[PDB]
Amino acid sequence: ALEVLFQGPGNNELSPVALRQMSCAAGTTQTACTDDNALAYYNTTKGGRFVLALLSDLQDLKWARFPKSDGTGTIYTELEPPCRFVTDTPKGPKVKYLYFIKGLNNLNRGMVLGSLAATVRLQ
């Protein structure tokens, strides 16, 4: 499914890599992050899991929480004010909110917007 063109690994070459999806817990505060109520889109990277955006039904989200792979702790990441779009889901049309990670650069912001576009448009 979802893909993005990675600027790399070498030269000026372009490699398609997967924009993977995982369930995650978000909320209005760090304490608020209870159960799984959003979908995080991420790249695997030199740091590890790099999360670019969350997709959720809620519009109040300001925080997302991820447990480290290893199991040695958790990370709380700040979300930007969301973006709303409509997509025709199996249960009918619904508003979805797209939260970019706070501080996400314009290139990665564009990669997500281009990558999701065909599936938002599909009915």
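So that there is no doubt, residue numbering starts at 1 and follows the sequence shown. Here the rigid core means the biggest group of C-alpha atoms that line up within 1.5 Å when the two forms are laid on top of each other.
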Stretch with larger C-alpha RMS deviation in 4 other deposited structures of this protein, core superposed, 23-31 versus 63-71: 63-71
Higher C-alpha RMS shift from the shown form in 4 other deposited structures of this protein - 111-119 or 97-105, rigid core fit: 111-119
108-116 versus 15-23 - greater average Cα B-factor per the deposited record: 15-23
Given 66-74 and 39-47, the range whose Cα B-factors average higher in the PDB entry: 66-74
Ranked C-alpha temperature factor of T89 among modelled chain residues, by third: highest
Among modelled residues of the same chain, the CA temperature factor third for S56: lowest
Third of chain Cα B-factors occupied by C33: highest
